[PDB]
Structure formats: C-alpha cells, structure tokens
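Chemist: Before we start, here is the structure in question, set down as structure tokens.
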There are 2 protein chains.
Amino acid sequence: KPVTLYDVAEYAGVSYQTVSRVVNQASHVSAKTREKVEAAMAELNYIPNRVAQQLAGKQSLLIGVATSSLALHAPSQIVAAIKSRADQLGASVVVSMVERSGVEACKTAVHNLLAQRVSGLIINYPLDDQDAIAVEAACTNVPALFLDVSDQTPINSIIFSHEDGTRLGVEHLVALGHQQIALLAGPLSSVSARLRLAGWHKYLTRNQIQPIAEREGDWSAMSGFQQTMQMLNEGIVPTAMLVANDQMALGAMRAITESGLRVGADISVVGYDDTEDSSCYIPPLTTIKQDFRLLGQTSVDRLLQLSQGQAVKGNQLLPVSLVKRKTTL
Amino acid sequence: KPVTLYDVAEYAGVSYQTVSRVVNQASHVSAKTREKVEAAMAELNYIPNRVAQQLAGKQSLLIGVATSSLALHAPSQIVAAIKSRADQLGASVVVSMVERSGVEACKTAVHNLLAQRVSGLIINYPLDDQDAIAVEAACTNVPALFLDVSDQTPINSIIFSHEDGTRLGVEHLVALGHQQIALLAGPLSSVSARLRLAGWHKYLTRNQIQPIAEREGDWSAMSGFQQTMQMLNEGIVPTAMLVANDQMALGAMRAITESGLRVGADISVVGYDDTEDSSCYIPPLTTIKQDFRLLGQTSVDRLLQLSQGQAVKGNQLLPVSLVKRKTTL
DNA sequence: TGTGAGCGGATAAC
DNA sequence: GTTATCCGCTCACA
Ligand SMILES: C[C@H]1O[C@@H](Oc2ccccc2[N+](=O)[O-])[C@H](O)[C@@H](O)[C@H]1O
Ligand SMILES: C[C@H]1O[C@@H](Oc2ccccc2[N+](=O)[O-])[C@H](O)[C@@H](O)[C@H]1O
C-alpha cells in the first residue's frame, strides 16, 4: 500500500512531523533539511491520502451532486459546467447518479453524498414539493440547492424561467397568426415538463386559444415521433406545435415530413433547449435557449455562498430566449 | 456534526462495538439487544462516515474514472453505464473530468484519482502510445484499463472494432456500387478518429478506390456542416460519404440538402455510433452501432477482474454492426 | 460482546 | 522544529 509520511521519514532521516512541515510549506524548516526531504518524497512518489487529510480536519470545500441519469442531455451538460466551474474555483466535486425513479432513491443518493462529508449539495433531480422539503431536511446541517423543483417550492433553487420560455414560444406562434396549435409535453413525472406544460396553457389562454391536441413524450426523439404520428393519424393536423424539448421536436419534425407535410410551411415547430444539434436540423429548429453553462456555473457559485452563510436564500430565475430558425414560418 | 457510532451507544445503552456489530450484520448479538440498537440508530439518523470507513481499512472496490468532457455524447453514455453497472455490483465510483487537452492534464486527473485511493482506474481519454504507457506507469500499483487508445498499445484496453466498423461501411457503399466516395473524419487529435480514418483507407484500398475528398471535423454537427459545404463549393461532389460519427453526419446531411441534393438518392451517407437521435434524422441515418452500455458494463467487470489479479491482461475488442436506414440508396 | 492499538495527518501548544 | 494526542473506525483479542 501507498507511500506513507512515515516512509519519507526514514528515507530522509527525519520524523513524520518534519516531512509534514515541508509538505505544508512550513514555518521554520532546517533550510537544507527541506531540500533533502523534498528529494526523498520525489524519488518515492508521495501522494497525500486525502481520505486521511479530511478525517484529520483539513477544511477542504467539497461539492456533492445528486443528478438524474447522465445519459440525458441537460443533466450531463450541467454536471459538466458544474465540475468545470468547480475546478476553476479550486473546489472538488463528487457526484451520485440516481437512476431508479422515486424519492427513496434520491434520498439514498443524498445519504452517500452526506457520508462523504460534502460541504454542500446540489440536487438536479425531479422532486415534488414536500419530497423536496424532506430531502432538504435530511441534509443534516449542510446547504442544499435545487435545480429541478418548482419556483413555488420553499427551498433554495435555480431554474430557467419557464414563464418566459413558454410565453416567448406562444407569442411567437400567435404573431405568426397560428390558432390551431398542438402541444407535445415532456413526461409528467418531470417537474420541469409540467412547468412548461402549464406555461403553455397559461399564455395560450391569455390569447383565447385552446390546444387542439395535447400529447406526452419522454424526452426522446422516438417519442416525439410516435406521438406526432398517432396525432396525425387521428386526423388532427395543427399548423404549429410547441414541443417540450429539441429532441422530441426532431421526432416531431420527422413524422411531419414523412407524412408529406412541410415543417415550417405546413406545420411550424418550436423546441426547447437549443441543443448544439438543433441548429443543423432539417430545417434548422426554432427553439427556446437554456444556457446550461450558466446554470451549472451559477449553481456552484451559489452553493458556495450559502455554505458561507451568505444571505441569498430562496429561488432564483435564469433568463431564457427565443432563437428564430426555420421551423416557424 | 453528524450522528456518531458513539451517539447510538448511549441512546441504546451499549458500547461503540455493540452498535458496530449490529451495523455489520454481526456474529453473535444479544438477540433482543440488536432489536433495541437498530431502533436507536433509526430514531437518530445514522449515516456511516465513509471517509472514516475507508481510512479504517474497509476494502471498497472504489473505481476511479478519468474521462473526456461529459459534454460529449459517448463519454457521458459511458460514464453512465459505468456508474450503473458499478452500483449493481455494490462498487463505488469517483470520476475526474479532464477538459484541458494534453497528457499533463490527464496525469493531473490520474493523480487526484490516486489520492482518493481508488482500487483501479478506467481511463476514457485519448492517449498516444507512449503517453498511455506513462499514465499506465503513474498508476502506482493499481490496475488501469484504457478505452481511448489504439489496439496496438501494449496495455489493458477495451475498444470497439474500428476494423469491423470501417469495413462494414465501405463494403456497404461499394455493394451499392459507389466509387466516388468522400471522407469526413473526426479530429485527428483523437485516437479513435484516426483509427476510423485508417480503417476507411485500409478497406477503400482493398476495393481499389480512392477518396475523392477527405476532410476533418470536430465531432460537432456544425463542423460536419461547414466541411461538407466547403467540399461542395469546391465542386467536389461524391455519391456517398463516410462520416466519423452520427452528429457530423447530421451536419453533412444538412449541407447536402440545403444544396438541392437528395441525401440517399444523390449523395448517400453513413454515420458512426447509432446515437438515439440518429434514427429520426431526415431521413433516418444508416450508421455503425457502438453499444455504449456494453462498453461501460464490460469496463467495470474487467477492472474488477484485474483488481483481483485475474489473468485477463491485454486489449479487448467489442463487436459493432451495420444499421441500414435510409441514407444509403 | 467489552477492551486496546494503529490508519495518514493536523494543529496548537510544547 | 518537535511532541502529544484525537479524527471516527475496523478488528483482532480477549
Ligand atoms: C435546463 C433545464 O432543462 C431540463 O432538461 C431536460 C431533462 C432531461 C432530458 C432533456 C431535457 N431537456 O431540456 O431537453 C432540466 O430537467 C431542468 O431541470 C433544467 O436543467
Ligand atoms: C465508443 C467510443 O467512441 C468514441 O466517442 C466519441 C467521442 C466524442 C464524440 C463522439 C464520439 N464518437 O464516437 O462519435 C470515444 O472516443 C471512445 O472513447 C469510445 O467512447
């Protein structure tokens, strides 16, 4: 097993404290003694057992992250931006991936993250209000920030403004003069899917419009395809569709096209996310931009502020925007 | 400061060892004593400080993973399947994301993973032969498995058979009677991009064919677009293209279409990966299937075998396959 | 099951 | 520049 601080004590002729001094950039070192000790640990390959450094009391800021499967677009992008920004702040990051659906699984996750004595948690998992409050509670003393909860949940949270996103989409379609609109929402088991569904209903109502169709996908392009197919086979043919995310928009666009209709000219389409690929869809997809980098970056900055008892409690809203491409004509 | 094993000692009337026994599914427990101790830790909220469990000597097959940015499709899918399979085997997994390009960065990564005293490493980062060997060396005593190296590198490794993939693609295009083929390879800084480029050249040669064009993308759909555009603007117009991955194939398809040509009928196309989205591209993309789940699953199984001094040293090849869609006509 | 000593280190006084 | 000694636990012993 690994080179101890004790192994460098004898291979340098000093004590475990002498080496400790040198390693910690010590105050008062035997001058040439530090030159010999550093050479001793260099020839040997000393990598400080952080497991022991932490238990011994070394105050290191370590961010824990419970997130939905990384197999999903947005989650990954976010974990990415998190780690990124973390490294940039000299902060470490351990992440626990929750696959099983349920609050229990998400608790299990928070449990292990807690065990690793993280200094704060970031929960990017769909949680219902009370469930979110329960998780919040289990975070024994440590701050927790939520990324997949509703703006109404009484906890700390950062989320993109579904209010602005759904409006932007509805007002765009209406300004184009659309009235026969259909809705393809994400899975209802996802808080964010629901918020967006609501958003649409809300503003569709303010313009005295009623969706002539409303289907549920599962974030996947295939679903977007199947649902838009069944819809078109039931004779319901809108002139514009609002889809819960770019990928399902893709599947939607497929079905629309393989059905002899022209995305844009016959049935306009609008996505959500503005993923990298969306800009090269056939034709280019008009969508709602959600700056995952910003979310991830902001999430870390904030979790650190909270860890420092800074007064920034509550829910925060990140801006979004409309990206006009070629699917809305 | 969390509930200790000591806090459950007094709130149950026993010692730190009594609770330890109960927690570890003990051999000889005071019968009704265990019933009282379990009730004591249940009302309290005991979460074993894994930081101390490890330092104390608890052998936990803790798998470390150095990987390319999770923002990239395949990496994420893989980390996913890894954690998945890990949990399923009761194995823990810490991952260090390498963003900066370079061997140094990948070493830094292996360094921190080592510090956390992982029992084995999985390196999913593009490494040149010697670099790979150097990293292999820095893994002080612990086993390392590589996923982004060449089959010729003298280290443990698992990779999909680029030999089979490129052949499948070339023989498919030829059987369709294509002769004017162009090549769009991934970034040359990526081992796997190169292997596939080679693969193509290799089998294109055995059929006495010379690419009438060869361009380099960066994995992104945009690149696939730009490159296929410039190519089409230089008057070079093939009848089939072999692309390093589905996403660039998408960009390629875009450019082909916006150029008045019919993907399939005018310029056939073939991708690599068979990502989820590929099946709903306009039209559906013909590609080379790489079962990321299998890779990730296999990777963990193998890293454990090696950790147990099992004789499975060397390089392993994972099968791939051709998925005929509508882009090759 | 009650007891006692080492893990890899860090402070905080000695 | 030591030096005693606790961090939070796991066993090996008794
Ligand atoms: C940026 C937002 O996007 C959502 O992302 C989702 C979630 C899963 C798969 C795709 C998407 N998506 O948007 O296409 C998140 O669930 C939400 O919590 C927040 O990250
Ligand atoms: C299955 C393989 O595919 C490669 O994945 C890559 C990497 C980034 C973006 C696209 C692809 N690709 O294949 O199209 C990896 O380099 C290699 O490590 C392994 O993950």
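Letters A, B, ... mark the chains of the structure tokens in the order given; residue numbers begin at 1 per chain; ligand numbers begin at 1, in order shown.
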Counting only C-alpha atoms (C1' of nucleotides), which residues of chain B come no farther than 10 Å from chain C, as a list in words?
Modeler: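 In the required form, that comes to residues 14, 15, 16, 17, 18, 21, 27, 28, 29, 30, 52, 54, 55, 56 and 57 of chain B.
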Chemist: Applying 9 Å and only C-alpha atoms (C1' of nucleotides), which residues near residue 38 (chain B) remain after dropping the ones on its own chain fewer than 5 positions away? List them as number ranges by chain.
Modeler: B: 12, 19, 22-23, 33, 43
Chemist: Give me, as a tab-separated table, the closest atom pair and its distance (Å, one decimal) for every residue of chain B within a cut-off of 6 Å of ligand 2, counting only C-alpha atoms and all ligand atoms, rows sorted by chain and rising number.
Modeler:
residue	atom	partner	partner_atom_place_in_ligand_line	distance
B:72	CA	ligand 2	8 (C)	5.1
B:73	CA	ligand 2	9 (C)	5.4
B:74	CA	ligand 2	5 (O)	4.5
B:75	CA	ligand 2	20 (O)	5.3
B:124	CA	ligand 2	18 (O)	5.3
B:147	CA	ligand 2	18 (O)	5.3
B:148	CA	ligand 2	18 (O)	4.3
B:192	CA	ligand 2	16 (O)	5.2
B:219	CA	ligand 2	9 (C)	5.3
B:245	CA	ligand 2	14 (O)	4.1
B:273	CA	ligand 2	14 (O)	5.7
B:290	CA	ligand 2	1 (C)	5.9
B:292	CA	ligand 2	1 (C)	6.0
Chemist: Find the spatial neighbours of residue 131 (chain A), counting only C-alpha atoms (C1' of nucleotides), within a cut-off of 12 Å - ignore same-chain residues fewer than 4 positions away - and output them as a PDB file with N, CA and C atoms, in the first residue's frame.
Modeler:
ATOM      1  N   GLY A 102     -37.987   7.739  -8.032  1.00  0.00           N
ATOM      2  CA  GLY A 102     -38.522   7.734  -6.685  1.00  0.00           C
ATOM      3  C   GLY A 102     -37.764   8.631  -5.739  1.00  0.00           C
ATOM      4  N   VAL A 103     -38.420   9.012  -4.645  1.00  0.00           N
ATOM      5  CA  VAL A 103     -37.821   9.887  -3.635  1.00  0.00           C
ATOM      6  C   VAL A 103     -36.797   9.125  -2.806  1.00  0.00           C
ATOM      7  N   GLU A 104     -37.095   7.853  -2.565  1.00  0.00           N
ATOM      8  CA  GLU A 104     -36.210   6.988  -1.798  1.00  0.00           C
ATOM      9  C   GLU A 104     -34.820   6.929  -2.434  1.00  0.00           C
ATOM     10  N   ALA A 105     -34.800   6.699  -3.739  1.00  0.00           N
ATOM     11  CA  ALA A 105     -33.558   6.619  -4.478  1.00  0.00           C
ATOM     12  C   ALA A 105     -32.792   7.925  -4.339  1.00  0.00           C
ATOM     13  N   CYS A 106     -33.510   9.044  -4.447  1.00  0.00           N
ATOM     14  CA  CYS A 106     -32.901  10.364  -4.355  1.00  0.00           C
ATOM     15  C   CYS A 106     -32.407  10.641  -2.946  1.00  0.00           C
ATOM     16  N   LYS A 107     -33.004   9.951  -1.979  1.00  0.00           N
ATOM     17  CA  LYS A 107     -32.587  10.097  -0.590  1.00  0.00           C
ATOM     18  C   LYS A 107     -31.300   9.267  -0.426  1.00  0.00           C
ATOM     19  N   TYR A 125     -32.469  16.673  -9.577  1.00  0.00           N
ATOM     20  CA  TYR A 125     -33.368  15.539  -9.690  1.00  0.00           C
ATOM     21  C   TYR A 125     -34.800  16.067  -9.489  1.00  0.00           C
ATOM     22  N   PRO A 126     -35.771  15.574 -10.283  1.00  0.00           N
ATOM     23  CA  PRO A 126     -37.170  16.000 -10.193  1.00  0.00           C
ATOM     24  C   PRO A 126     -37.789  15.626  -8.860  1.00  0.00           C
ATOM     25  N   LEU A 127     -38.151  16.642  -8.092  1.00  0.00           N
ATOM     26  CA  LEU A 127     -38.732  16.453  -6.774  1.00  0.00           C
ATOM     27  C   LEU A 127     -40.025  17.224  -6.578  1.00  0.00           C
ATOM     28  N   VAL A 135     -36.036  16.014   1.526  1.00  0.00           N
ATOM     29  CA  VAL A 135     -34.638  15.898   1.138  1.00  0.00           C
ATOM     30  C   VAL A 135     -33.918  17.069   1.799  1.00  0.00           C
ATOM     31  N   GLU A 136     -34.425  18.274   1.583  1.00  0.00           N
ATOM     32  CA  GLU A 136     -33.842  19.461   2.183  1.00  0.00           C
ATOM     33  C   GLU A 136     -33.550  19.186   3.646  1.00  0.00           C
ATOM     34  N   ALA A 137     -34.498  18.571   4.336  1.00  0.00           N
ATOM     35  CA  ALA A 137     -34.333  18.266   5.756  1.00  0.00           C
ATOM     36  C   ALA A 137     -33.222  17.257   6.064  1.00  0.00           C
ATOM     37  N   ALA A 138     -33.183  16.166   5.305  1.00  0.00           N
ATOM     38  CA  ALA A 138     -32.168  15.136   5.515  1.00  0.00           C
ATOM     39  C   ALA A 138     -30.743  15.695   5.406  1.00  0.00           C
ATOM     40  N   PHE A 146     -31.540  23.360  -5.115  1.00  0.00           N
ATOM     41  CA  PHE A 146     -32.308  22.532  -6.042  1.00  0.00           C
ATOM     42  C   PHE A 146     -32.357  23.119  -7.448  1.00  0.00           C
ATOM     43  N   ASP A 148     -34.225  21.132 -10.052  1.00  0.00           N
ATOM     44  CA  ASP A 148     -35.403  20.557 -10.707  1.00  0.00           C
ATOM     45  C   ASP A 148     -36.572  20.515  -9.754  1.00  0.00           C
ATOM     46  N   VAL A 149     -37.047  21.689  -9.369  1.00  0.00           N
ATOM     47  CA  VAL A 149     -38.197  21.822  -8.483  1.00  0.00           C
ATOM     48  C   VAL A 149     -38.982  22.984  -9.052  1.00  0.00           C
ATOM     49  N   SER A 150     -40.139  23.275  -8.478  1.00  0.00           N
ATOM     50  CA  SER A 150     -40.917  24.383  -8.979  1.00  0.00           C
ATOM     51  C   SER A 150     -40.506  25.671  -8.295  1.00  0.00           C
ATOM     52  N   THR A 153     -41.656  26.043  -4.665  1.00  0.00           N
ATOM     53  CA  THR A 153     -41.173  25.248  -3.556  1.00  0.00           C
ATOM     54  C   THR A 153     -40.370  26.147  -2.645  1.00  0.00           C
ATOM     55  N   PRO A 154     -40.671  26.101  -1.351  1.00  0.00           N
ATOM     56  CA  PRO A 154     -39.997  26.906  -0.339  1.00  0.00           C
ATOM     57  C   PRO A 154     -38.580  26.424   0.002  1.00  0.00           C
ATOM     58  N   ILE A 155     -37.702  26.391  -0.992  1.00  0.00           N
ATOM     59  CA  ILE A 155     -36.325  25.978  -0.760  1.00  0.00           C
ATOM     60  C   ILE A 155     -35.393  26.793  -1.647  1.00  0.00           C
TER      61      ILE A 155
END
Chemist: Using only C-alpha atoms (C1' of nucleotides), I'd like every residue of chain D that has an atom within 12 Å of chain B; please write them out as number ranges by chain.
Modeler: D: 7-11
Chemist: Leaving out residue 201 (chain B) and any residue of its chain fewer than 2 positions from it, which residues lie within 10 Å of it when counting only C-alpha atoms (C1' of nucleotides), given as a ChimeraX atom specification?
Modeler: /B:166-167,170,183,195-199,203-206,209-211
Chemist: Please, what distance in Å, to one decimal, runs between CA of residue 314 (chain A) and atom 2 (C, counted along the ligand's line) of ligand 1?
Modeler: 18.0 Å
Chemist: Using only C-alpha atoms, determine which residues of chain A fall within 8 Å of chain B; present them as a PyMOL selection string.
Modeler: chain A and resi 2+47-52+54-55+69-71+76-77+79-80+83-84+94-95+97+99+111-112+114-117+140-141+220-222+225+247+250-251+254+276-277+279-283
Chemist: Which residues are close to region 228-244 of chain B, i.e. within 6 Å by only C-alpha atoms (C1' of nucleotides), leaving aside same-chain residues fewer than 3 positions away? Reply as a list in words.
Modeler: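 Residues near the query, excluding close chain neighbours: residues 180, 181, 182, 183, 184, 185, 186, 225, 249, 252, 255, 267, 268, 269, 270, 271 and 272 of chain B.
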Chemist: Have a look at CA of residue 177 (chain A) and CA of residue 260 (chain B) and let me know their distance in Å, one decimal.
Modeler: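 One can read the CA of residue 177 (chain A) to CA of residue 260 (chain B) distance as 29.5 Å.
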